[PDB]
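In what follows, a structure is listed as structure tokens, so that the remarks can point back to it.
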2 protein chains.
Amino acid sequence: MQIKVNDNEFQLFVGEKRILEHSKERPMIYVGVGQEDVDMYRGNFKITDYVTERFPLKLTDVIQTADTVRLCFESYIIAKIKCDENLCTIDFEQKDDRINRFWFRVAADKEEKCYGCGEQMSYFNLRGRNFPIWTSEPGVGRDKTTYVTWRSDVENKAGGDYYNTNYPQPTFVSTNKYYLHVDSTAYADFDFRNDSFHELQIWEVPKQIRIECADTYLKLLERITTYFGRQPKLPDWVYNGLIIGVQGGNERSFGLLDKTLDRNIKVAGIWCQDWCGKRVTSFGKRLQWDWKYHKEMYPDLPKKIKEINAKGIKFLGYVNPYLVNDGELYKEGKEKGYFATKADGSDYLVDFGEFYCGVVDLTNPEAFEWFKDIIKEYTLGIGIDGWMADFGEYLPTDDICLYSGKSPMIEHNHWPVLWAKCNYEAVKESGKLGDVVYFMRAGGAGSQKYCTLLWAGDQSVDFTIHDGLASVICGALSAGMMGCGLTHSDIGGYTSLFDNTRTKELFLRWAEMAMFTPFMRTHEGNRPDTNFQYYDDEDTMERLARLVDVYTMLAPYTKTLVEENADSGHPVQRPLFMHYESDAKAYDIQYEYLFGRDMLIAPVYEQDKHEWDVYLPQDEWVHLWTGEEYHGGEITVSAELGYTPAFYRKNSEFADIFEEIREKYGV
Amino acid sequence: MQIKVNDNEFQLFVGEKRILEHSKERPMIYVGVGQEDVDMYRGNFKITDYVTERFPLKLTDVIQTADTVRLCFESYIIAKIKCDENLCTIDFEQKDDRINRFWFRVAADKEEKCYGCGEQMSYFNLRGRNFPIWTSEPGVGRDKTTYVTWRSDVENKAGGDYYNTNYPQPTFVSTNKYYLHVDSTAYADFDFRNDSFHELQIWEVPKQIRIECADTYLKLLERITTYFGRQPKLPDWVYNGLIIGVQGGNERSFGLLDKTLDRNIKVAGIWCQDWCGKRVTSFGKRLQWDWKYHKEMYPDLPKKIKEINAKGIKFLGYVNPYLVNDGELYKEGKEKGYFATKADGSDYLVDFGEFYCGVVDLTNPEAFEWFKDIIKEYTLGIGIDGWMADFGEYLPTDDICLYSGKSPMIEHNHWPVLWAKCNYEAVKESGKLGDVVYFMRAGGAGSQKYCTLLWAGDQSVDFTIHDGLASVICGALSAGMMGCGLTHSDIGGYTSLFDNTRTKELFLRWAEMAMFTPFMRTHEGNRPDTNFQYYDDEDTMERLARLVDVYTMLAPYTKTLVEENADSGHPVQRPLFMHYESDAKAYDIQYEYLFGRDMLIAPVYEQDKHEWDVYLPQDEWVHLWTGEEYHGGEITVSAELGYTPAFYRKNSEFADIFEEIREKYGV
Ligand SMILES: O=S(=O)(O)C[C@H]1CNC[C@@H](O)[C@@H]1O
Ligand SMILES: O=S(=O)(O)C[C@H]1CNC[C@@H](O)[C@@H]1O
């Protein structure tokens, strides 16, 4: 990167491509004054802004030092710029206290594409749209043309839209082979609707903007994860097979484990989210938010965990950073003063849907340490080797006080990372990194270090584009470009509402994609009695045993991808353009991915399909199940139920593993 | 109205209430730069704006002469303020050509209420919401919680919202007893969401803002209509009875007339909107847009008109300012170059839903006179005595050129008044003002002069709040506060879509309201074959005979109201606070109206009702059907089908008429 600058024009280049400019004709910064309106309803946020001032700044002074270039903008902003061959930082100082709106422009051209802004569930390429950065419920349906979405809006204010996500991040990657990060947890809105610039709206003057370039996307990801962090290797035991999501107490849950094993489905672990109890609401069968094992539903659980461990099976649980008001840990947290409070001193109670919970104040070090100790003592301490570490999106912005003294308009997006750090430190302090794994749906900048595994959050139980099976693929790709290289999904989705229920076909198509991911896990969903469950159908269990076997057979390859993610930040699920940078079509494809360097996966995301159109970049490919060879381009392969459109490179060093799969399970 | 002004502060008072202020702490004007996006689909407009600059102006010079005060605002705006005891005008000169966004603030307090912004169908009191000023299709359903609205959005982009209207106007009335008008036909957005100020956003620097006060709302309406215009009296023949909306050609239409008369329903006129032919689309039974009578459907129509005239019955038709591209008049207009054109020089063909029409360029004086002559020759010239003068909302903004050379962003809202003027001059030059009547659903500033009669446009055929019977009352109250004092509605509504079809009860509830309006007219609606028609049911025809007879019995009173409207601008349908200005509840009521000074009407707007709650202001009231006396407050009256909740003042000079009605048709 190179800086060019006079007394009234600043420029920054990446190669021969200008990416920053401030002149009178093309200002780089606008500042202004806004008054927001934020209305939360059960984790959904309706956010509007009333802007009374917005104006571009005048560059009134420039000072060049061998290390720093200083831009003075009247009495509003000072920008200190420092550059290397690969890194520019722009630190901002605010000289006018009135400003609470900050618009930053990046030079662009019509053909450029951008990726990221966190885990995006609808659009991988961000160009042409804008993306608010505000963690929240991602929406049920997420598509205003569907009945599920409309009913979700009408009854629950919960239909959402294309940009909602549990894990937004003020960071993007450009096809000019740089990434840009705005060091701020404020509300932001990344606007890619203009041909000649990207505009980044921030609801504070951000501390710094960071820009870093590389010669390849692989190296760009190495630089991204150097700055944000890298995940550990997953525990070796995850590759033993399926992690089965079952509920109902000792007899039912361990009964289904035995039934699962008896049908020759390989099991890595049993995940009982109700290990701490159940709570039934009008949404469905939920959990008792009090993070100690439930002695009536799962008596003697520590002893029982030792027993299944001796048979090669791990036990997985569930925690989240809230506590319901009738729980034992709530009573203790109240007595110790560890909840976020209102101005009058009452503990703030959040409505999660017919029950009310305190928000453990993770910005209070004593409360943070207390909750970390709850994980150590009552989850890790009874031998639980993994858990869902849920939520993080529900911090309200109305009359709530945090120990940090910062506005909830700033701490709201910070919360997922504070929650991630709490889990990470519990595991690290216990010496269990690499032995236990928790998985999170919410995140922010820093989840690259503090989250051991993402999952895609709640999908609807359907084949829709914006909230079904397909949206998992988009979420994997976007998250991976942010440096979160390990993700998975609920096999079969989660959300059943408004006559939308899971089918056998949906479960199996979901499973045949999951076997080409690091972590296979099922989920009964919110209404288990009226949604298909794999253990309800012998044919499904037979079919599932094959899919899980394929996962275990892939594991020597998958371990090298997880290792490569841990070593350099190359995600396990990669976009096609990560290894085919010259292929123009690879930049527009978001429903196929490279499973490592050596496999291409194009999951079937529609019902009643028997063949599937696949775009293959130019290379020597072999269809997994048939061995037929392909050299690149649009094709159509058979894709019956159980036969994922999956291809491997001919000269892959793992071709023997893939051939063993074909011989055993091909056509 | 008194001005206070020094070098650093301007103020304007109405009595002892400050209505305008400019100081550095409370600026009166912001200016800026925006880039709109106007997405048009079949008369529906999705409009968004991208504001890049907005900033308050600094008052840098004040010049007082004897009559004028000149406020200079840097190099941006000069405002010339001239006041009287009742009138203040602010003329704006634009000194910076870059400005295309103008925000004008009006001082307000929390208890103030505001009325107007044209004909509003959802909210009469505007306080607490914002109202875009852009004529368009008003929406089907207009309520995001209903199935009809949702489907209208999904299939037709046509659900609309609370603010959409055929007739917006940048004019409001305040409870400080002033009205304010912005002299512009640009897009505007009147924002009443803030306690301490109204803010009027205009997408140009407006020529002038006009403010005029008065001691009473009656006198305010006198001033409003002195400025905007007053309607003529309605022709005496309208009071002869019902205007029946029928279709199908000579045999069916005049057959239905005979049937109606045979059932002893008094008929003032037969309104055949298909006088010029039909066109069937997926929307339903529409019309052929070629404004000459259809010689195959209505052979020898001029002869038929003479025959029914000799029996005391008028004939009414239909025109609108567009021409379908397979018609005779389209061919002539195309030859003479009388259509609006695109940038590429071709005639712009607007899609109205499976057919395409030219827009007669009403800004071209030659085309204007031509279309006026079309009305004289082919409507008035064959003896038609009234007509629906429809549409006016569909001018596109994307790629169109007008003879005026003004932007379609300015002429779009202008079109309804140009079209009104076309009809007005045809009638006036024919010497028929007061003898023939046309009715319009679209309008703008000036419709007060150029439109002889409003109607509330298309309602859905239901009892919903935002698009059924009740929204007619809101439209009547709001239009009347703007000086359009004559209005009516389709008895039974118009729009049938998405499993919503007209019922008998709905038709009858609508008719029993309509008999307390100036003009009773039915309509077959868009899907006559699958919707209730009054002539389907003998009991309905017997009931309608009574309702129409009541309308004729009221005529001596109603005529004095229409004459009062023509002489002073007091609307026929008045808000309760127009005659009870001290009644606090009168300012919150929008589904009751005073029918002149001597009657209160509170229509049943819900199904399955046998009684109705009514608020009466403090006065001596007599329930029309029973004779029971009431003295003010909340009451409940019997309100069976046919017994509108209607009350008259005991001391009314017309009490003898009202007693005859009770004797003949009461309980
Ligand atoms: O119902 S609960 O809220 O207790 C648990 C759910 C929370 N969201 C993620 C889902 O996977 C959990 O089952
Ligand atoms: O269907 S048509 O468009 O020809 C006529 C309708 C237009 N809008 C107003 C309605 O009253 C008409 O029937």
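Each answer follows from the model by the rule given with it, or from the source it names; these are not laboratory values. Note that we place each Cβ from the backbone using ideal geometry, even for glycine, and neighbour counts take in every protein chain shown.
Taking segment B:149-205 as the range and being of a type in the set (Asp, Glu) and either away from every other protein chain (no Cβ under 14 Å) or closer than 30 Å to B:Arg42 by Cα (or both) as the test, the residues that pass are B:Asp153, B:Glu155, B:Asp161, B:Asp183, B:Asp189, B:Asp191, B:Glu204. Among the criteria (1) under 28 Å from A:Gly160 (Cα atoms); (2) in a loop (DSSP other than H, G, I, E, B); (3) not hydroxyl-bearing (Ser, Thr, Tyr), the one A:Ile99 does not fulfil is (1). Exactly one residue out of B:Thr135, B:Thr216 is under 23 Å from B:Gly569 (Cβ atoms), more than 14 Å from every other protein chain (Cβ to nearest Cβ) and touching a strand residue (DSSP E or B) at 6+ places or on another chain (Cβ under 9 Å): that is B:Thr135. A Cβ distance below 9 Å, combined with a sequence gap of six or more or placement on separate chains, defines the contacts here; from segment A:300-328, residues that are closer than 26 Å to A:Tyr348 by Cβ reach residues that are acidic (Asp, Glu) and in a strand (DSSP E or B) in the pairs A:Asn325/A:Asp347.
Taken together, B:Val436, B:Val461 contain a single residue that is in the same structural domain as B:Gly245 (by CATH), more than 29 Å from B:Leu600 (Cα to Cα) and touching a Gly at 6+ places or on another chain (Cβ under 6 Å), which is B:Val436.
Only one of the numbered conditions (1) among the acidic types (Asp, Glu); (2) farther than 22 Å from A:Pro575 by Cβ; (3) away from every other protein chain (no Cβ under 13 Å) is violated by A:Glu119, and that is (2).
Note on segment A:51-89: residues that are assigned to a loop (DSSP other than H, G, I, E, B) and away from chain B (no Cβ under 14 Å) amount to 10. Got at least one residue in segment B:42-49 being under 19 Å from B:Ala186 (Cα atoms), under 35 Å from the mean Cα position of the chain (by Cα), away from every other protein chain (no Cβ under 14 Å) and among the small types (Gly, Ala, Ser)? Yes, that holds for at least one residue.
Each residue in segment B:464-485 was checked for being outside any helix (DSSP H, G or I) and either under 15 Å from B:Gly444 (Cα atoms) or not assigned by CATH to the domain that holds B:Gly444 (or both), and 4 pass. Note on segment B:249-265: among residues that are surrounded by fewer than 18 Cβ atoms within 10 Å (Cβ to Cβ) and in a loop (DSSP other than H, G, I, E, B), the one that is farthest from ligand 1 (Cβ to nearest atom) is B:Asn264. Taken over segment A:374-391, the residue count meeting the criterion of being in contact (Cβ under 8 Å) with a residue 24 or more places away in the chain and part of a helix (DSSP H, G or I) is 7.
Filter segment A:219-248 down to the residues that are aromatic (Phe, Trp, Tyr) and crowded, with 20+ Cβ neighbours inside 10 Å, then identify the one that is nearest to the chain's Cα centre (by Cα). Among residues in segment A:219-248 that are aromatic (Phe, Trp, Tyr) and crowded, with 20+ Cβ neighbours inside 10 Å, the one nearest to the chain's Cα centre (by Cα) is A:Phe228. Filter segment A:528-556 for residues that are outside any helix (DSSP H, G or I) and within 24 Å of the chain's Cα centre (by Cα) and give the result. Hits for segment A:528-556: nothing passes. Screening A:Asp290 with (1) free of Cβ contacts under 8 Å to residues at least 40 places away in the same chain; (2) assigned to a loop (DSSP other than H, G, I, E, B) gives one miss only, at (1).
Filter segment B:431-444 for residues that are part of a loop (DSSP other than H, G, I, E, B) and more than 11 Å from the chain's Cα centre (by Cα) and give the result. Of everything in segment B:431-444, those that are part of a loop (DSSP other than H, G, I, E, B) and more than 11 Å from the chain's Cα centre (by Cα) turn out to be B:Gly431, B:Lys432, B:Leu433, B:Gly434, B:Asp435, B:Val436.
Yes or no, residue by residue, for (1) within 16 Å of ligand 1 (Cβ to nearest atom); (2) surrounded by fewer than 18 Cβ atoms within 10 Å (Cβ to Cβ):
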| site | (1), (2) |
| --- | --- |
| A:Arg509 | no, no |
| A:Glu512 | no, no |
| A:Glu524 | yes, no |
| A:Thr530 | yes, yes |
| A:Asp539 | no, yes |
| A:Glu542 | no, yes |
| A:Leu554 | no, no |
| A:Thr560 | no, yes |
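Restricted to segment A:266-287, and to residues there that are polar (S, T, N, Q) and in a loop (DSSP other than H, G, I, E, B), the residue that is farthest from ligand 1 (Cβ to nearest atom) is A:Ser282. In this structure, B:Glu505 does satisfy being out of contact with any helix residue (DSSP H, G or I) (no Cβ under 7 Å at 6 or more places or on another chain), in a helix (DSSP H, G or I) and either away from ligand 2 (no atom under 16 Å from the Cβ) or within 22 Å of B:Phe391 (Cα to Cα) (or both). If I filter segment A:441-476 down to residues being farther than 27 Å from A:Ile589 by Cβ and of a type outside the set (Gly, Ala, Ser), which single residue comes out as nearest to ligand 2 (Cβ to nearest atom)? Checking each candidate, the answer is A:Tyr450. Taking the listed residues A:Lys334, A:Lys314, the one that is among the basic types (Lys, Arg), assigned by CATH to the domain that holds A:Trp289 and under 30 Å from A:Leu261 (Cα atoms) is A:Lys314, with no other qualifying. Tallying residues that are more than 8 Å from ligand 2 (Cβ to nearest atom) and surrounded by 18 or more Cβ atoms within 10 Å (Cβ to Cβ) within segment B:266-285 yields 11. Of all positions in segment A:377-387, none carries a residue that is over 25 Å from A:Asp274 (Cβ atoms) and more than 16 Å from ligand 1 (Cβ to nearest atom). Is it the case, given these coordinates, that A:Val154 is surrounded by 22 or more Cβ atoms within 10 Å (Cβ to Cβ) and farther than 19 Å from A:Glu393 by Cα? No: the conditions fail for A:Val154.
Taking the condition of being small (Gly, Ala, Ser), closer than 16 Å to A:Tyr322 by Cα and part of a helix (DSSP H, G or I), how many residues in segment A:392-430 meet it? Of the residues in that region, 1 qualify. The set of residues in segment A:643-659 being surrounded by 15 or more Cβ atoms within 10 Å (Cβ to Cβ), outside any loop (DSSP other than H, G, I, E, B) and of a type outside the set (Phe, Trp, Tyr) consists of A:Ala646, A:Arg649, A:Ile657, A:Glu659.
Screening B:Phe658 on (1) over 26 Å from the mean Cα position of the chain (by Cα); (2) under 20 Å from B:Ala470 (Cα atoms) shows it passes everything except condition (2). Hey, does segment B:250-265 have a residue that's touching a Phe, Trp or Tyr at 6+ places or on another chain (Cβ under 9 Å) and of a type in the set (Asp, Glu)? No, every residue in segment B:250-265 fails to be touching a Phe, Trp or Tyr at 6+ places or on another chain (Cβ under 9 Å) and of a type in the set (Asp, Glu).
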